[PDB]
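Trainee: My structure is in start_16.pdb, and what it holds is PDB, N, CA and C atoms:
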MODEL        1
ATOM      1  N   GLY A 423       0.806  -1.206   0.000
ATOM      2  CA  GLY A 423       0.000   0.000   0.000
ATOM      3  C   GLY A 423       0.842   1.260   0.000
ATOM      4  N   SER A 424       0.734   2.042  -1.069
ATOM      5  CA  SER A 424       1.496   3.280  -1.191
ATOM      6  C   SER A 424       0.653   4.376  -1.834
ATOM      7  N   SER A 425       0.915   5.620  -1.447
ATOM      8  CA  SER A 425       0.178   6.759  -1.983
ATOM      9  C   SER A 425       1.053   7.576  -2.928
ATOM     10  N   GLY A 426       0.428   8.497  -3.656
ATOM     11  CA  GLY A 426       1.164   9.331  -4.588
ATOM     12  C   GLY A 426       1.331   8.676  -5.945
ATOM     13  N   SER A 427       1.511   9.494  -6.977
ATOM     14  CA  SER A 427       1.676   8.987  -8.334
ATOM     15  C   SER A 427       2.965   9.514  -8.957
ATOM     16  N   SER A 428       3.965   8.645  -9.057
ATOM     17  CA  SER A 428       5.253   9.023  -9.630
ATOM     18  C   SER A 428       5.635   8.087 -10.772
ATOM     19  N   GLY A 429       6.762   8.377 -11.415
ATOM     20  CA  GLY A 429       7.219   7.553 -12.518
ATOM     21  C   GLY A 429       7.919   6.292 -12.049
ATOM     22  N   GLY A 430       8.751   5.720 -12.915
ATOM     23  CA  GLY A 430       9.469   4.509 -12.565
ATOM     24  C   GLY A 430       9.869   3.700 -13.783
ATOM     25  N   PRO A 431       9.036   2.714 -14.143
ATOM     26  CA  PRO A 431       9.288   1.846 -15.298
ATOM     27  C   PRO A 431       9.142   2.586 -16.623
ATOM     28  N   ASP A 432      10.165   2.491 -17.465
ATOM     29  CA  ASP A 432      10.149   3.151 -18.765
ATOM     30  C   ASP A 432       8.993   2.641 -19.619
ATOM     31  N   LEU A 433       8.761   3.303 -20.747
ATOM     32  CA  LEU A 433       7.683   2.918 -21.653
ATOM     33  C   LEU A 433       8.225   2.134 -22.843
ATOM     34  N   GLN A 434       7.490   1.105 -23.252
ATOM     35  CA  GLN A 434       7.897   0.276 -24.381
ATOM     36  C   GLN A 434       7.254   0.763 -25.674
ATOM     37  N   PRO A 435       8.005   0.669 -26.781
ATOM     38  CA  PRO A 435       7.527   1.095 -28.100
ATOM     39  C   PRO A 435       6.436   0.181 -28.645
ATOM     40  N   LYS A 436       5.723   0.657 -29.660
ATOM     41  CA  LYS A 436       4.651  -0.118 -30.273
ATOM     42  C   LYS A 436       5.063  -1.577 -30.444
ATOM     43  N   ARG A 437       4.135  -2.485 -30.158
ATOM     44  CA  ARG A 437       4.402  -3.913 -30.280
ATOM     45  C   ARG A 437       4.180  -4.388 -31.712
ATOM     46  N   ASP A 438       5.118  -4.054 -32.592
ATOM     47  CA  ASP A 438       5.027  -4.446 -33.994
ATOM     48  C   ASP A 438       5.716  -5.787 -34.230
ATOM     49  N   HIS A 439       6.925  -5.926 -33.697
ATOM     50  CA  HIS A 439       7.689  -7.159 -33.849
ATOM     51  C   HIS A 439       6.894  -8.359 -33.345
ATOM     52  N   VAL A 440       6.051  -8.125 -32.343
ATOM     53  CA  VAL A 440       5.231  -9.186 -31.771
ATOM     54  C   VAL A 440       4.057  -9.526 -32.683
ATOM     55  N   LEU A 441       3.694 -10.803 -32.720
ATOM     56  CA  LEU A 441       2.586 -11.261 -33.551
ATOM     57  C   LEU A 441       1.665 -12.189 -32.767
ATOM     58  N   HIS A 442       0.367 -11.910 -32.821
ATOM     59  CA  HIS A 442      -0.620 -12.721 -32.118
ATOM     60  C   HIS A 442      -1.077 -13.891 -32.984
ATOM     61  N   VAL A 443      -0.657 -15.097 -32.612
ATOM     62  CA  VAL A 443      -1.023 -16.296 -33.355
ATOM     63  C   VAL A 443      -1.939 -17.195 -32.531
ATOM     64  N   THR A 444      -3.084 -17.550 -33.104
ATOM     65  CA  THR A 444      -4.047 -18.406 -32.423
ATOM     66  C   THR A 444      -4.182 -19.751 -33.128
ATOM     67  N   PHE A 445      -3.630 -20.792 -32.516
ATOM     68  CA  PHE A 445      -3.689 -22.134 -33.084
ATOM     69  C   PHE A 445      -4.423 -23.090 -32.149
ATOM     70  N   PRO A 446      -4.936 -24.193 -32.715
ATOM     71  CA  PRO A 446      -5.669 -25.206 -31.951
ATOM     72  C   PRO A 446      -4.761 -25.993 -31.012
ATOM     73  N   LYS A 447      -5.309 -26.405 -29.874
ATOM     74  CA  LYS A 447      -4.549 -27.168 -28.889
ATOM     75  C   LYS A 447      -3.790 -28.312 -29.556
ATOM     76  N   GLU A 448      -4.439 -28.968 -30.513
ATOM     77  CA  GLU A 448      -3.823 -30.081 -31.226
ATOM     78  C   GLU A 448      -2.374 -29.762 -31.584
ATOM     79  N   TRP A 449      -2.082 -28.478 -31.756
ATOM     80  CA  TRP A 449      -0.735 -28.041 -32.101
ATOM     81  C   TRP A 449       0.236 -28.313 -30.957
ATOM     82  N   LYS A 450       1.477 -27.867 -31.121
ATOM     83  CA  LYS A 450       2.501 -28.061 -30.101
ATOM     84  C   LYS A 450       3.719 -27.187 -30.380
ATOM     85  N   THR A 451       4.594 -27.064 -29.387
ATOM     86  CA  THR A 451       5.800 -26.258 -29.526
ATOM     87  C   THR A 451       6.554 -26.612 -30.802
ATOM     88  N   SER A 452       6.385 -27.848 -31.261
ATOM     89  CA  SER A 452       7.052 -28.313 -32.471
ATOM     90  C   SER A 452       6.443 -27.664 -33.711
ATOM     91  N   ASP A 453       5.119 -27.549 -33.721
ATOM     92  CA  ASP A 453       4.413 -26.947 -34.845
ATOM     93  C   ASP A 453       4.750 -25.464 -34.967
ATOM     94  N   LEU A 454       4.830 -24.785 -33.829
ATOM     95  CA  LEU A 454       5.144 -23.361 -33.807
ATOM     96  C   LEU A 454       6.560 -23.107 -34.313
ATOM     97  N   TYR A 455       7.545 -23.586 -33.561
ATOM     98  CA  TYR A 455       8.945 -23.412 -33.933
ATOM     99  C   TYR A 455       9.171 -23.788 -35.394
ATOM    100  N   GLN A 456       8.748 -24.993 -35.760
ATOM    101  CA  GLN A 456       8.904 -25.475 -37.128
ATOM    102  C   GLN A 456       8.301 -24.490 -38.124
ATOM    103  N   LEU A 457       7.048 -24.113 -37.891
ATOM    104  CA  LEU A 457       6.356 -23.175 -38.768
ATOM    105  C   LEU A 457       7.162 -21.891 -38.938
ATOM    106  N   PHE A 458       7.311 -21.144 -37.850
ATOM    107  CA  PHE A 458       8.061 -19.893 -37.878
ATOM    108  C   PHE A 458       9.539 -20.151 -38.159
ATOM    109  N   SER A 459       9.923 -21.424 -38.148
ATOM    110  CA  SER A 459      11.308 -21.805 -38.397
ATOM    111  C   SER A 459      11.869 -21.056 -39.602
ATOM    112  N   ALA A 460      11.014 -20.811 -40.590
ATOM    113  CA  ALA A 460      11.422 -20.102 -41.796
ATOM    114  C   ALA A 460      12.354 -18.941 -41.462
ATOM    115  N   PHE A 461      12.040 -18.229 -40.384
ATOM    116  CA  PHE A 461      12.848 -17.092 -39.958
ATOM    117  C   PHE A 461      14.066 -17.558 -39.165
ATOM    118  N   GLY A 462      13.829 -18.419 -38.180
ATOM    119  CA  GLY A 462      14.914 -18.925 -37.360
ATOM    120  C   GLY A 462      14.569 -18.938 -35.884
ATOM    121  N   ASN A 463      15.592 -18.875 -35.038
ATOM    122  CA  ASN A 463      15.392 -18.883 -33.594
ATOM    123  C   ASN A 463      14.389 -17.810 -33.179
ATOM    124  N   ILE A 464      13.358 -18.223 -32.449
ATOM    125  CA  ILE A 464      12.331 -17.298 -31.987
ATOM    126  C   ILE A 464      11.920 -17.606 -30.551
ATOM    127  N   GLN A 465      11.070 -16.752 -29.988
ATOM    128  CA  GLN A 465      10.599 -16.933 -28.621
ATOM    129  C   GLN A 465       9.089 -17.147 -28.589
ATOM    130  N   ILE A 466       8.677 -18.400 -28.437
ATOM    131  CA  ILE A 466       7.259 -18.738 -28.390
ATOM    132  C   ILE A 466       6.721 -18.657 -26.966
ATOM    133  N   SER A 467       5.753 -17.772 -26.753
ATOM    134  CA  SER A 467       5.155 -17.595 -25.436
ATOM    135  C   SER A 467       3.774 -18.242 -25.374
ATOM    136  N   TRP A 468       3.602 -19.163 -24.434
ATOM    137  CA  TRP A 468       2.330 -19.858 -24.268
ATOM    138  C   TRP A 468       1.415 -19.099 -23.315
ATOM    139  N   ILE A 469       0.367 -18.493 -23.863
ATOM    140  CA  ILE A 469      -0.584 -17.735 -23.061
ATOM    141  C   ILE A 469      -1.729 -18.622 -22.582
ATOM    142  N   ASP A 470      -2.537 -19.094 -23.525
ATOM    143  CA  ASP A 470      -3.668 -19.956 -23.201
ATOM    144  C   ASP A 470      -3.607 -21.256 -23.997
ATOM    145  N   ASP A 471      -4.643 -22.076 -23.861
ATOM    146  CA  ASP A 471      -4.707 -23.349 -24.568
ATOM    147  C   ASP A 471      -4.637 -23.138 -26.077
ATOM    148  N   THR A 472      -5.176 -22.013 -26.538
ATOM    149  CA  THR A 472      -5.176 -21.692 -27.959
ATOM    150  C   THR A 472      -4.662 -20.279 -28.204
ATOM    151  N   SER A 473      -3.926 -19.746 -27.234
ATOM    152  CA  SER A 473      -3.376 -18.400 -27.342
ATOM    153  C   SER A 473      -1.861 -18.415 -27.165
ATOM    154  N   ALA A 474      -1.148 -17.890 -28.157
ATOM    155  CA  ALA A 474       0.307 -17.842 -28.110
ATOM    156  C   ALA A 474       0.831 -16.533 -28.693
ATOM    157  N   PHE A 475       2.087 -16.219 -28.393
ATOM    158  CA  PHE A 475       2.707 -14.995 -28.886
ATOM    159  C   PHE A 475       4.002 -15.303 -29.631
ATOM    160  N   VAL A 476       4.343 -14.448 -30.590
ATOM    161  CA  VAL A 476       5.557 -14.627 -31.378
ATOM    162  C   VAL A 476       6.409 -13.362 -31.372
ATOM    163  N   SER A 477       7.724 -13.542 -31.313
ATOM    164  CA  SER A 477       8.649 -12.414 -31.298
ATOM    165  C   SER A 477       9.642 -12.511 -32.452
ATOM    166  N   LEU A 478       9.773 -11.423 -33.204
ATOM    167  CA  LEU A 478      10.688 -11.382 -34.339
ATOM    168  C   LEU A 478      11.794 -10.357 -34.110
ATOM    169  N   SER A 479      12.780 -10.348 -35.002
ATOM    170  CA  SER A 479      13.897  -9.417 -34.897
ATOM    171  C   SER A 479      13.628  -8.152 -35.707
ATOM    172  N   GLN A 480      13.211  -8.334 -36.956
ATOM    173  CA  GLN A 480      12.920  -7.207 -37.834
ATOM    174  C   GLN A 480      11.431  -7.141 -38.160
ATOM    175  N   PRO A 481      10.931  -5.920 -38.397
ATOM    176  CA  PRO A 481       9.520  -5.691 -38.722
ATOM    177  C   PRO A 481       9.151  -6.219 -40.105
ATOM    178  N   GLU A 482      10.112  -6.181 -41.022
ATOM    179  CA  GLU A 482       9.887  -6.655 -42.383
ATOM    180  C   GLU A 482       9.263  -8.048 -42.378
ATOM    181  N   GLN A 483       9.878  -8.961 -41.634
ATOM    182  CA  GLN A 483       9.384 -10.331 -41.544
ATOM    183  C   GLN A 483       7.880 -10.352 -41.294
ATOM    184  N   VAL A 484       7.417  -9.460 -40.424
ATOM    185  CA  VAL A 484       5.998  -9.376 -40.097
ATOM    186  C   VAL A 484       5.137  -9.549 -41.343
ATOM    187  N   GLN A 485       5.414  -8.744 -42.364
ATOM    188  CA  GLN A 485       4.663  -8.807 -43.611
ATOM    189  C   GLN A 485       4.444 -10.254 -44.042
ATOM    190  N   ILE A 486       5.539 -10.968 -44.279
ATOM    191  CA  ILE A 486       5.466 -12.362 -44.696
ATOM    192  C   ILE A 486       4.621 -13.183 -43.727
ATOM    193  N   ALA A 487       5.016 -13.180 -42.458
ATOM    194  CA  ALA A 487       4.295 -13.920 -41.431
ATOM    195  C   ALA A 487       2.794 -13.663 -41.523
ATOM    196  N   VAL A 488       2.427 -12.529 -42.112
ATOM    197  CA  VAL A 488       1.024 -12.165 -42.263
ATOM    198  C   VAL A 488       0.473 -12.644 -43.601
ATOM    199  N   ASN A 489       1.311 -12.597 -44.631
ATOM    200  CA  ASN A 489       0.909 -13.027 -45.965
ATOM    201  C   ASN A 489       0.712 -14.539 -46.014
ATOM    202  N   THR A 490       1.322 -15.240 -45.065
ATOM    203  CA  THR A 490       1.215 -16.693 -44.998
ATOM    204  C   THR A 490      -0.072 -17.117 -44.301
ATOM    205  N   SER A 491      -0.457 -16.369 -43.272
ATOM    206  CA  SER A 491      -1.670 -16.671 -42.519
ATOM    207  C   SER A 491      -2.914 -16.395 -43.357
ATOM    208  N   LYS A 492      -2.762 -15.544 -44.366
ATOM    209  CA  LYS A 492      -3.871 -15.194 -45.246
ATOM    210  C   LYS A 492      -4.568 -16.446 -45.766
ATOM    211  N   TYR A 493      -3.834 -17.256 -46.520
ATOM    212  CA  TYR A 493      -4.382 -18.487 -47.079
ATOM    213  C   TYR A 493      -4.537 -19.555 -46.001
ATOM    214  N   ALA A 494      -3.590 -19.588 -45.070
ATOM    215  CA  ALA A 494      -3.622 -20.558 -43.982
ATOM    216  C   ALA A 494      -4.886 -20.401 -43.144
ATOM    217  N   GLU A 495      -5.739 -21.419 -43.171
ATOM    218  CA  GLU A 495      -6.985 -21.392 -42.413
ATOM    219  C   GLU A 495      -6.811 -22.069 -41.057
ATOM    220  N   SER A 496      -5.990 -23.114 -41.023
ATOM    221  CA  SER A 496      -5.741 -23.851 -39.791
ATOM    222  C   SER A 496      -5.384 -22.901 -38.652
ATOM    223  N   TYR A 497      -4.447 -21.998 -38.915
ATOM    224  CA  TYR A 497      -4.012 -21.033 -37.912
ATOM    225  C   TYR A 497      -4.303 -19.607 -38.367
ATOM    226  N   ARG A 498      -4.160 -18.658 -37.447
ATOM    227  CA  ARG A 498      -4.408 -17.254 -37.753
ATOM    228  C   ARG A 498      -3.355 -16.362 -37.101
ATOM    229  N   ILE A 499      -2.753 -15.487 -37.899
ATOM    230  CA  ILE A 499      -1.729 -14.577 -37.400
ATOM    231  C   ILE A 499      -2.139 -13.123 -37.604
ATOM    232  N   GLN A 500      -1.867 -12.292 -36.604
ATOM    233  CA  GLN A 500      -2.208 -10.876 -36.673
ATOM    234  C   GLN A 500      -1.260 -10.045 -35.814
ATOM    235  N   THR A 501      -1.248  -8.737 -36.050
ATOM    236  CA  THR A 501      -0.387  -7.832 -35.300
ATOM    237  C   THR A 501      -0.884  -7.660 -33.869
ATOM    238  N   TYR A 502       0.049  -7.496 -32.938
ATOM    239  CA  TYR A 502      -0.296  -7.323 -31.532
ATOM    240  C   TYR A 502      -1.419  -6.304 -31.369
ATOM    241  N   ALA A 503      -1.238  -5.131 -31.967
ATOM    242  CA  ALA A 503      -2.236  -4.072 -31.891
ATOM    243  C   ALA A 503      -3.589  -4.556 -32.402
ATOM    244  N   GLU A 504      -3.577  -5.237 -33.543
ATOM    245  CA  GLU A 504      -4.804  -5.751 -34.139
ATOM    246  C   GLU A 504      -5.538  -6.667 -33.163
ATOM    247  N   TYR A 505      -4.797  -7.580 -32.546
ATOM    248  CA  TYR A 505      -5.377  -8.518 -31.593
ATOM    249  C   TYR A 505      -5.982  -7.781 -30.402
ATOM    250  N   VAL A 506      -5.134  -7.081 -29.656
ATOM    251  CA  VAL A 506      -5.582  -6.328 -28.490
ATOM    252  C   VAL A 506      -6.741  -5.403 -28.845
ATOM    253  N   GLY A 507      -6.630  -4.739 -29.992
ATOM    254  CA  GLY A 507      -7.675  -3.831 -30.427
ATOM    255  C   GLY A 507      -9.061  -4.326 -30.065
ATOM    256  N   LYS A 508      -9.342  -5.583 -30.389
ATOM    257  CA  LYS A 508     -10.640  -6.178 -30.096
ATOM    258  C   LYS A 508     -10.952  -6.095 -28.604
ATOM    259  N   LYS A 509     -10.046  -6.618 -27.785
ATOM    260  CA  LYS A 509     -10.222  -6.600 -26.338
ATOM    261  C   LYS A 509     -10.461  -5.180 -25.835
ATOM    262  N   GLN A 510      -9.477  -4.311 -26.043
ATOM    263  CA  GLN A 510      -9.582  -2.922 -25.612
ATOM    264  C   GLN A 510      -9.369  -1.971 -26.785
ATOM    265  N   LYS A 511     -10.089  -0.853 -26.771
ATOM    266  CA  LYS A 511      -9.979   0.140 -27.833
ATOM    267  C   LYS A 511     -10.003   1.554 -27.260
ATOM    268  N   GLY A 512      -8.858   2.228 -27.310
ATOM    269  CA  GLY A 512      -8.771   3.581 -26.793
ATOM    270  C   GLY A 512      -9.562   4.571 -27.624
ATOM    271  N   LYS A 513      -8.915   5.664 -28.015
ATOM    272  CA  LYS A 513      -9.566   6.693 -28.818
ATOM    273  C   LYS A 513      -8.749   7.004 -30.068
ATOM    274  N   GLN A 514      -8.943   6.202 -31.111
ATOM    275  CA  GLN A 514      -8.225   6.393 -32.366
ATOM    276  C   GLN A 514      -8.875   5.598 -33.492
ATOM    277  N   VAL A 515      -9.217   6.287 -34.576
ATOM    278  CA  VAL A 515      -9.846   5.644 -35.724
ATOM    279  C   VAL A 515      -9.229   4.277 -35.994
ATOM    280  N   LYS A 516     -10.068   3.321 -36.381
ATOM    281  CA  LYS A 516      -9.607   1.970 -36.672
ATOM    282  C   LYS A 516      -9.714   1.668 -38.164
ATOM    283  N   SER A 517      -8.862   0.769 -38.645
ATOM    284  CA  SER A 517      -8.861   0.394 -40.054
ATOM    285  C   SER A 517      -8.515  -1.083 -40.223
ATOM    286  N   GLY A 518      -9.116  -1.715 -41.227
ATOM    287  CA  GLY A 518      -8.860  -3.121 -41.479
ATOM    288  C   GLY A 518      -8.330  -3.372 -42.876
ATOM    289  N   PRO A 519      -7.011  -3.205 -43.051
ATOM    290  CA  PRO A 519      -6.352  -3.410 -44.345
ATOM    291  C   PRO A 519      -6.319  -4.879 -44.752
ATOM    292  N   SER A 520      -6.748  -5.750 -43.845
ATOM    293  CA  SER A 520      -6.765  -7.184 -44.108
ATOM    294  C   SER A 520      -8.190  -7.727 -44.067
ATOM    295  N   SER A 521      -8.348  -8.986 -44.465
ATOM    296  CA  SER A 521      -9.659  -9.624 -44.478
ATOM    297  C   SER A 521     -10.474  -9.217 -43.255
ATOM    298  N   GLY A 522     -11.495  -8.394 -43.479
ATOM    299  CA  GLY A 522     -12.337  -7.942 -42.386
ATOM    300  C   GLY A 522     -12.427  -6.431 -42.311
TER
ENDMDL
END
Can you turn what I pasted into structure tokens?

Mentor:
Amino acid sequence: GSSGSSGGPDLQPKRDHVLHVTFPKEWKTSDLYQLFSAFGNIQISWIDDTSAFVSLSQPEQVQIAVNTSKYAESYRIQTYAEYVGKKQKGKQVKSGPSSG
């Protein structure tokens, strides 16, 4: 319990490198790594039974990782902002440059 409002932890930049991927439980760490393997060593974060996160080095890759999910129906990939957007939405016009 503490009073007053001060600073402390720095602020993190837009979560672009991160990608929200939702795959079926049937999947596994092998399916993820292997899939994204195209890029190389990555950090797969297990959130929920069907919720996972992906981390990349360069933003460019994002494009591809997104162009692949387009046709891919089994799984779905989207930008961190795009994903969260649904859950919470501040005050800023929204746009859907992708299916939807």

Trainee: Determine which residues of chain A receive a DSSP assignment of alpha helix (DSSP H), computed from the backbone, and state them as JSON, numbers by chain.

Mentor: {"A": [451, 452, 453, 454, 455, 456, 457, 458, 481, 482, 483, 484, 485, 486, 487, 488, 489, 490, 491, 492, 493, 502, 503, 504, 505, 506, 507, 508, 509]}

Trainee: If you apply the PyMOL selection byres (((chain A and resi 499 and name CA) around 9) and name CA) to this file, what residues do you get, as a PDB file with N, CA and C atoms, in the frame of the given file?

Mentor:
ATOM      1  N   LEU A 441       3.694 -10.803 -32.720  1.00  0.00           N
ATOM      2  CA  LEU A 441       2.586 -11.261 -33.551  1.00  0.00           C
ATOM      3  C   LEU A 441       1.665 -12.189 -32.767  1.00  0.00           C
ATOM      4  N   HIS A 442       0.367 -11.910 -32.821  1.00  0.00           N
ATOM      5  CA  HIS A 442      -0.620 -12.721 -32.118  1.00  0.00           C
ATOM      6  C   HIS A 442      -1.077 -13.891 -32.984  1.00  0.00           C
ATOM      7  N   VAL A 443      -0.657 -15.097 -32.612  1.00  0.00           N
ATOM      8  CA  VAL A 443      -1.023 -16.296 -33.355  1.00  0.00           C
ATOM      9  C   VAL A 443      -1.939 -17.195 -32.531  1.00  0.00           C
ATOM     10  N   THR A 444      -3.084 -17.550 -33.104  1.00  0.00           N
ATOM     11  CA  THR A 444      -4.047 -18.406 -32.423  1.00  0.00           C
ATOM     12  C   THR A 444      -4.182 -19.751 -33.128  1.00  0.00           C
ATOM     13  N   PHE A 445      -3.630 -20.792 -32.516  1.00  0.00           N
ATOM     14  CA  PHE A 445      -3.689 -22.134 -33.084  1.00  0.00           C
ATOM     15  C   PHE A 445      -4.423 -23.090 -32.149  1.00  0.00           C
ATOM     16  N   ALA A 487       5.016 -13.180 -42.458  1.00  0.00           N
ATOM     17  CA  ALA A 487       4.295 -13.920 -41.431  1.00  0.00           C
ATOM     18  C   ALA A 487       2.794 -13.663 -41.523  1.00  0.00           C
ATOM     19  N   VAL A 488       2.427 -12.529 -42.112  1.00  0.00           N
ATOM     20  CA  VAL A 488       1.024 -12.165 -42.263  1.00  0.00           C
ATOM     21  C   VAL A 488       0.473 -12.644 -43.601  1.00  0.00           C
ATOM     22  N   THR A 490       1.322 -15.240 -45.065  1.00  0.00           N
ATOM     23  CA  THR A 490       1.215 -16.693 -44.998  1.00  0.00           C
ATOM     24  C   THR A 490      -0.072 -17.117 -44.301  1.00  0.00           C
ATOM     25  N   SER A 491      -0.457 -16.369 -43.272  1.00  0.00           N
ATOM     26  CA  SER A 491      -1.670 -16.671 -42.519  1.00  0.00           C
ATOM     27  C   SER A 491      -2.914 -16.395 -43.357  1.00  0.00           C
ATOM     28  N   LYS A 492      -2.762 -15.544 -44.366  1.00  0.00           N
ATOM     29  CA  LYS A 492      -3.871 -15.194 -45.246  1.00  0.00           C
ATOM     30  C   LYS A 492      -4.568 -16.446 -45.766  1.00  0.00           C
ATOM     31  N   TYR A 497      -4.447 -21.998 -38.915  1.00  0.00           N
ATOM     32  CA  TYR A 497      -4.012 -21.033 -37.912  1.00  0.00           C
ATOM     33  C   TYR A 497      -4.303 -19.607 -38.367  1.00  0.00           C
ATOM     34  N   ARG A 498      -4.160 -18.658 -37.447  1.00  0.00           N
ATOM     35  CA  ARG A 498      -4.408 -17.254 -37.753  1.00  0.00           C
ATOM     36  C   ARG A 498      -3.355 -16.362 -37.101  1.00  0.00           C
ATOM     37  N   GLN A 500      -1.867 -12.292 -36.604  1.00  0.00           N
ATOM     38  CA  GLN A 500      -2.208 -10.876 -36.673  1.00  0.00           C
ATOM     39  C   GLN A 500      -1.260 -10.045 -35.814  1.00  0.00           C
ATOM     40  N   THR A 501      -1.248  -8.737 -36.050  1.00  0.00           N
ATOM     41  CA  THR A 501      -0.387  -7.832 -35.300  1.00  0.00           C
ATOM     42  C   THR A 501      -0.884  -7.660 -33.869  1.00  0.00           C
TER      43      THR A 501
END

Trainee: Restricting the calculation to only N, CA and C atoms: of A:493, A:476, A:509, A:502, which residue gets closest to residue A:464?

Mentor: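 Of A:493, A:476, A:509, A:502, the one nearest residue A:464, counting only N, CA and C atoms, is A:476.
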
Trainee: Between A:483, A:489, A:428, A:473, which has the minimum distance to residue A:461 (counting only N, CA and C atoms)?

Mentor: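 The answer is A:483, which sits nearest to residue A:461.
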
Trainee: What is the atom N of residue A:519 to atom C of residue A:486 distance in Å?

Mentor: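 Spanning atom N of residue A:519 to atom C of residue A:486 is a straight-line distance of 15.3 Å.
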
Trainee: Please, what distance in Å, to one decimal, runs between atom CA of residue A:510 and atom CA of residue A:448?

Mentor: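 Atom CA of residue A:448 lies at a distance of 28.3 Å from atom CA of residue A:510.
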
Trainee: Could you check how far atom CA of residue A:447 sits from atom C of residue A:471, in Å to one decimal?

Mentor: 4.9 Å

Trainee: So which bits of chain A end up strand (DSSP E or B) when you DSSP the backbone, as a PDB file with N, CA and C atoms, keeping the file's coordinate frame?

Mentor:
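Output file states.pdb is given in full below:
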ATOM      1  N   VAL A 440       6.051  -8.125 -32.343  1.00  0.00           N
ATOM      2  CA  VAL A 440       5.231  -9.186 -31.771  1.00  0.00           C
ATOM      3  C   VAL A 440       4.057  -9.526 -32.683  1.00  0.00           C
ATOM      4  N   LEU A 441       3.694 -10.803 -32.720  1.00  0.00           N
ATOM      5  CA  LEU A 441       2.586 -11.261 -33.551  1.00  0.00           C
ATOM      6  C   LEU A 441       1.665 -12.189 -32.767  1.00  0.00           C
ATOM      7  N   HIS A 442       0.367 -11.910 -32.821  1.00  0.00           N
ATOM      8  CA  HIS A 442      -0.620 -12.721 -32.118  1.00  0.00           C
ATOM      9  C   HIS A 442      -1.077 -13.891 -32.984  1.00  0.00           C
ATOM     10  N   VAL A 443      -0.657 -15.097 -32.612  1.00  0.00           N
ATOM     11  CA  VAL A 443      -1.023 -16.296 -33.355  1.00  0.00           C
ATOM     12  C   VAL A 443      -1.939 -17.195 -32.531  1.00  0.00           C
ATOM     13  N   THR A 444      -3.084 -17.550 -33.104  1.00  0.00           N
ATOM     14  CA  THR A 444      -4.047 -18.406 -32.423  1.00  0.00           C
ATOM     15  C   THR A 444      -4.182 -19.751 -33.128  1.00  0.00           C
ATOM     16  N   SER A 467       5.753 -17.772 -26.753  1.00  0.00           N
ATOM     17  CA  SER A 467       5.155 -17.595 -25.436  1.00  0.00           C
ATOM     18  C   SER A 467       3.774 -18.242 -25.374  1.00  0.00           C
ATOM     19  N   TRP A 468       3.602 -19.163 -24.434  1.00  0.00           N
ATOM     20  CA  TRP A 468       2.330 -19.858 -24.268  1.00  0.00           C
ATOM     21  C   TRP A 468       1.415 -19.099 -23.315  1.00  0.00           C
ATOM     22  N   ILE A 469       0.367 -18.493 -23.863  1.00  0.00           N
ATOM     23  CA  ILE A 469      -0.584 -17.735 -23.061  1.00  0.00           C
ATOM     24  C   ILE A 469      -1.729 -18.622 -22.582  1.00  0.00           C
ATOM     25  N   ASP A 470      -2.537 -19.094 -23.525  1.00  0.00           N
ATOM     26  CA  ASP A 470      -3.668 -19.956 -23.201  1.00  0.00           C
ATOM     27  C   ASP A 470      -3.607 -21.256 -23.997  1.00  0.00           C
ATOM     28  N   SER A 473      -3.926 -19.746 -27.234  1.00  0.00           N
ATOM     29  CA  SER A 473      -3.376 -18.400 -27.342  1.00  0.00           C
ATOM     30  C   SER A 473      -1.861 -18.415 -27.165  1.00  0.00           C
ATOM     31  N   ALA A 474      -1.148 -17.890 -28.157  1.00  0.00           N
ATOM     32  CA  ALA A 474       0.307 -17.842 -28.110  1.00  0.00           C
ATOM     33  C   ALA A 474       0.831 -16.533 -28.693  1.00  0.00           C
ATOM     34  N   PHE A 475       2.087 -16.219 -28.393  1.00  0.00           N
ATOM     35  CA  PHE A 475       2.707 -14.995 -28.886  1.00  0.00           C
ATOM     36  C   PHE A 475       4.002 -15.303 -29.631  1.00  0.00           C
ATOM     37  N   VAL A 476       4.343 -14.448 -30.590  1.00  0.00           N
ATOM     38  CA  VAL A 476       5.557 -14.627 -31.378  1.00  0.00           C
ATOM     39  C   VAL A 476       6.409 -13.362 -31.372  1.00  0.00           C
ATOM     40  N   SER A 477       7.724 -13.542 -31.313  1.00  0.00           N
ATOM     41  CA  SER A 477       8.649 -12.414 -31.298  1.00  0.00           C
ATOM     42  C   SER A 477       9.642 -12.511 -32.452  1.00  0.00           C
ATOM     43  N   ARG A 498      -4.160 -18.658 -37.447  1.00  0.00           N
ATOM     44  CA  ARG A 498      -4.408 -17.254 -37.753  1.00  0.00           C
ATOM     45  C   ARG A 498      -3.355 -16.362 -37.101  1.00  0.00           C
ATOM     46  N   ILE A 499      -2.753 -15.487 -37.899  1.00  0.00           N
ATOM     47  CA  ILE A 499      -1.729 -14.577 -37.400  1.00  0.00           C
ATOM     48  C   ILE A 499      -2.139 -13.123 -37.604  1.00  0.00           C
ATOM     49  N   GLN A 500      -1.867 -12.292 -36.604  1.00  0.00           N
ATOM     50  CA  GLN A 500      -2.208 -10.876 -36.673  1.00  0.00           C
ATOM     51  C   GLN A 500      -1.260 -10.045 -35.814  1.00  0.00           C
ATOM     52  N   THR A 501      -1.248  -8.737 -36.050  1.00  0.00           N
ATOM     53  CA  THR A 501      -0.387  -7.832 -35.300  1.00  0.00           C
ATOM     54  C   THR A 501      -0.884  -7.660 -33.869  1.00  0.00           C
TER      55      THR A 501
END

Trainee: Quick one: residues within 7 Å of residue A:465, all atoms listed in the file counted, chain neighbours fewer than 6 positions away excluded, as a PyMOL selection string?

Mentor: chain A and resi 475-478

Trainee: I'd like the contact shell of residue A:481 - 8 Å cut-off, only N, CA and C atoms, skipping same-chain residues fewer than 4 positions apart - returned as a ChimeraX atom specification.

Mentor: /A:438-440,485-486

Trainee: For a quick check of understanding, using only C-alpha atoms, which of A:503, A:453, A:513, A:446 has the smallest distance to residue A:470?

Mentor: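 Closest to residue A:470 of all the choices is A:446.
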